[PDB]
Amino acid sequence: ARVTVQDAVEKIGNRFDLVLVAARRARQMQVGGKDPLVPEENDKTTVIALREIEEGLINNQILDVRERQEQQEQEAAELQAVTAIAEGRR
Amino acid sequence: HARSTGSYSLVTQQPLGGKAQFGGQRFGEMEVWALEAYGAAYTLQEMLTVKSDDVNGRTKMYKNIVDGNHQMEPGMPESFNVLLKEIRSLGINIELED
Amino acid sequence: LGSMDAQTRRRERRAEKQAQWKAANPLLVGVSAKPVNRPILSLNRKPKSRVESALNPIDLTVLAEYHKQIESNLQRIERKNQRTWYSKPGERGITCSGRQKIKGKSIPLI
DNA sequence: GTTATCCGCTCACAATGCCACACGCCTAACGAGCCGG
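As they're listed, the protein sequences go chains W, X and N. If you're matching positions, the first sequence starts at 2 in the deposited numbering and goes up one per residue. If you're matching positions, the second sequence starts at 1244 in the deposited numbering and goes up one per residue. If you're matching positions, the third sequence starts at -2 in the deposited numbering and goes up one per residue.
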């Protein structure tokens, strides 16, 4: 479980970037199906999101870098699928 | 007295009040001042729109909870359209731009 | 000698089309209505005389009597029921009270 | 004279939130209905 919040507000900027960044991380962890970095302790996604914030492995720059990287890999992989279709046609 | 999902009124699509009629509590005006006084923004949006007066929003929310996905759909409250339709009952044009 | 049809002169306008296309081609295959789906009903009409239908037209008087009987019986029964169910109480008033109340339920909205 | 002010009279508009509980929300006379005398 988790009681305090003040280990994150001194890591991310204020008490308002923390809400949006941790909500975005928990939303892509819950439904998008990604595996968490630190191990769970049978907690919910909000608490494990705040834990990954306060240790310092999830940040807004880091979220946009990872999303850009995996999305570029996604469009590159479907371009590879299109070139595989082009190999299969001719 | 408690309530998860009960009945609704006729004119405005709000839930009823009271214990006997299986009602919800009046999250009144001063509590809205209190939530504005924090930095609470999304919680005010649920207490204003998803919990009441957005019909398609609240049924989408209920299905979305049972499916196990916590999203929300903002929408627009039906009571505001009521307000528009009884200002237009006077001689007052009032519309929405864009 | 009229030939005052629009489709006729329009076909004559496109006579080069039907001259070019119908080179070793048929002209038209258009089916009509067939007498299979037409009952002739011509077995006998000699006793079907006009003066005998004049003396004997068709009749549904028994239908009107039956319908009037149904209406009169239903009016008597409904008049008796609306006579002894909405009566007026006398000099003292309604001797009871309705007292009906409806509570609420917990109705989900899936 | 006439003009620019000062003052008294009259009138619209506000007065916390929530809860339960409980009982109330037309009719003397104008258009129809039944059938008796």
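By construction, the Cβ of each residue, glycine as well, lies at the ideal position given by its N, Cα and C atoms.
Interface positions of the segment 1301 to 1319 of chain X facing chain N (Cβ-Cβ less than 9 Å), listed along the chain: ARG1301, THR1302, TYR1305, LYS1306, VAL1309
Inter-residue spacing [alpha-carbon to alpha-carbon] between W/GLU11 and W/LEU21: The residue labelled residue 11 of chain W in the question sits at position 10 within the first sequence. The residue labelled residue 21 of chain W in the question sits at position 20 within the first sequence. So the two alpha carbons sit approximately 16 Å from each other.
Entirely enclosed beta strand (DSSP E) segments - the segment 14 to 44 of chain W, minimum 3 residues: none
Coarse secondary structure for N/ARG35, derived from DSSP in three states: Translated into the one-based positions of the third sequence, residue 35 of chain N becomes position 38. Coil.
Any chain X beta carbon closer than 8 Å to N/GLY101: Numbered from its first residue, the third sequence carries residue 101 of chain N at position 104. Yes, its Cβ sits closer than 8 Å to a Cβ of chain X.
As assigned by DSSP and simplified to three states, the class of X/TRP1276: Start at 1 with the first residue of the second sequence, and residue 1276 of chain X comes out as number 33. X/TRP1276: helix per DSSP, three-state reduction.
Any chain X beta carbon closer than 8 Å to W/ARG52: Along the first sequence, read from residue 1 onward, the residue named residue 52 of chain W stands at position 51. So no, W/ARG52 is outside the interface.
For W/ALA2, the three-state DSSP class (helix, strand or coil): Indexing the first sequence from 1 puts residue 2 of chain W at position 1. W/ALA2: coil per DSSP, three-state reduction.
Nearest-angstrom Cα separation, counted from W/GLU71 out to W/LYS35: Taking the first sequence and counting its residues from 1, one reaches residue 35 of chain W at position 34. Taking the first sequence and counting its residues from 1, one reaches residue 71 of chain W at position 70. Distance between the alpha carbons of W/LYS35 and W/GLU71 is about 12 Å.
Min CB distance X/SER1295 to chain N below 8 Å: Here the question's residue 1295 of chain X lines up with position 52 in the second sequence. No, its Cβ sits nowhere closer than 8 Å to a Cβ of chain N.
Touch test, the segment 2 to 10 of chain N against the segment 1277 to 1293 of chain X, Cβ-Cβ under 8 Å, three pairs minimum: no
X/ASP1310 versus X/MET1273: straight-line alpha-carbon distance, rounded: Translated into positions along the second sequence, residue 1310 of chain X becomes position 67. Translated into positions along the second sequence, residue 1273 of chain X becomes position 30. Distance between the alpha carbons of X/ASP1310 and X/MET1273: 34 Å.
Neighbourhood of N/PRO86 by C-beta distance below 8 Å, restricted to the same chain and skipping five residues each side: As a working mapping, residue 86 of chain N is identified with position 89 in the third sequence. Only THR92 meet the Cβ criterion.
Where the segment 56 to 67 of chain N meets chain X: residues whose CB sits under 7 Å from a CB there: none
Residues within the segment 6 to 20 of chain W neighbouring chain X, beta-carbon criterion of under 7 Å: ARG16, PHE17
Uninterrupted beta strand (DSSP E) stretches inside the segment 39 to 104 of chain N (no shorter than 3 residues): none
Whole-angstrom distance between N/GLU68 and N/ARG96, CA atom to CA atom: For this step, residue 96 of chain N is matched to residue 99 along the third sequence. For this step, residue 68 of chain N is matched to residue 71 along the third sequence. Going from the Cα of N/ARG96 to the Cα of N/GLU68 covers about 38 Å.
Residue-chain proximity (X/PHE1323, chain N), Cβ-Cβ < 8 Å: What you label residue 1323 of chain X is simply residue 80 of the second sequence in a count that begins at 1. With 8 Å as the cut-off, X/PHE1323 does not count as an interface residue toward chain N.
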